[PDB]
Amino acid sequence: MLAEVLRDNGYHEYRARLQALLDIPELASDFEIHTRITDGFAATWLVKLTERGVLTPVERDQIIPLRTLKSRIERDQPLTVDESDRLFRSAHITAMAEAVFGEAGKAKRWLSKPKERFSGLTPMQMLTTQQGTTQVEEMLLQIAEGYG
C-alpha cells in the first residue's frame, strides 16, 4: 500500500486518477478493489483506454493478446482474473505516476523510459511480477521524497 505513503493530497489524487482510469470509486475499500479485479473488468474499457492513448497497443497486447480481446468482446465476457490483474497493475502504476508528477504526459514519458536499475527495462515492463510492481512503486516514492 505504498500509494498511501504519498504526502498531503497524493493518495487522494491517486484515487481520483484511478477512478478516471478504471472506474474505481475513490472511497471504495481495498477489499472492494480486490472484488472488482476478481469479477473481471470490461474489455470495452480496455479498448477505450487504448483508443484514448492511455495505453500503447503493445501495452494492451502485453495485458491481453488481440485475438483473445476480440473473443472477449464478441462472447461478452469480462476479463479473466489475471488479465484484469495486469490491467489493474497498469492503471495503478499509471495513477501513482500521475499523482507523483502531476501530469499525464510526464508520467507516461517516465513510465516508457528505460532505467538503469531495471537493466534497461521500462517501468511498464516491470509490471509482470509483484516484485517489479513493488520496485516501480518504491522508485516513484523515492522520486516524490526528493521531488523531481
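From 1 onward, residues are counted along the sequence shown.
Could you tell me which one of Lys108, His34, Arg89, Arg67 shows the highest CA temperature factor in the PDB record? Within the set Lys108, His34, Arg89, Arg67, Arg67 shows the top C-alpha B-factor.
Hey, what third does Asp8 fall into on Cα B-factor, ranked over its chain? Middle third - that is where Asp8 ends up once the chain's C-alpha B-factors are sorted.
Using only modelled residues of the chain, where does the Cα B factor of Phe41 rank: lowest third, middle third or highest third? Middle third, going by the recorded CA B-factors of the chain.
Quick check for you: using the entry's CA B-factors within this chain, is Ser84 in the lowest, middle or highest third? Within its chain, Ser84 is a lowest-third residue by C-alpha B-factor, going by the deposited values.
Which third of the chain holds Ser29 when residues are ordered by C-alpha B factor: lowest, middle or highest? It belongs to the lowest third of the chain when residues are ordered by C-alpha B-factor.
Which third, lowest, middle or highest, does the CA B-factor of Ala95 fall in along this chain? Lowest third.
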